[PDB]
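Each remark here refers to the structure printed beneath this line.
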Amino acid sequence: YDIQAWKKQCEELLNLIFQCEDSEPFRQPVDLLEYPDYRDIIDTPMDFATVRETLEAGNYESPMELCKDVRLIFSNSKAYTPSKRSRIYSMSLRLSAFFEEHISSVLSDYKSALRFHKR
Ligand SMILES: O=C(NCC(F)(F)F)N1CCN(C(=O)c2ccco2)CC1
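The sequence shown begins at 1316 in the entry's author numbering and counts up by one.
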């Protein structure tokens, strides 16, 4: 019932994601010389460095907000991909499965902690 425990859990999950080769493309902004149409397709860029930064600045109030930004990384990849079989999109889908598998307990424990607080 630790209301604050999600933050370190999310830091540790981000560490795992940064160790994962699949996160490579999703660590930093898109170079518009390499992908000139990116910001035509993608209004709201997100990468894992921005997520980690936001977390470490104390600018997430809950793991749900972090989860919204991470999911934006994945939905941006799905919007930008020219094919459902592209290399980078395929990396996004594996990483998304990994993230969802690991974040599920973090969200459950946080929401449990908030309900116990309100009890
Ligand atoms: O250039 C980058 N990342 C920055 C870098 F290279 F420094 F890591 N990206 C990731 C986001 N994109 C995609 O989701 C995508 C789907 C299909 C093809 O690309 C575009 C390419």
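C-beta: ideal position from N, C-alpha, C; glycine also.
Any non-hydrogen atom of ligand 1 within 7 Å of residue i CB
i	result
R1342	yes
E1380	no
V1421	no
residue 1435	The chain is shown from 1316 up to 1434; residue 1435 falls before or after that span and cannot be answered.
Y1395	yes
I1418	no
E1376	no
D1358	no
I1403	yes
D1346	yes
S1392	yes
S1338	no
residue 1287	Residue 1287 lies beyond the stretch modelled for the chain, which goes from 1316 to 1434, so this question has no answer here.
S1411	no
Residue j beta carbon less than 8 Å from that of residue i
i	j	result
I1332	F1414	yes
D1384	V1366	yes
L1387	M1361	yes
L1410	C1325	no
Outcome for residue i when other beta-carbon atoms lying within 10 angstroms are tallied against a minimum of 16
i	result
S1423	exposed
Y1316	exposed
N1330	exposed
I1403	exposed
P1378	buried
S1338	buried
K1322	buried
residue 1438	Outside the displayed span of the chain (1316 to 1434) sits residue 1438, for which this structure offers no information.
- Within the stretch 1345-1378, note down every full alpha helix (DSSP H) run reaching 4 residues or more, in order along the chain. Entirely contained in the stretch 1345-1378, the alpha helix (DSSP H) runs reaching 4 residues are, in chain order, 1353-1356, 1363-1371.
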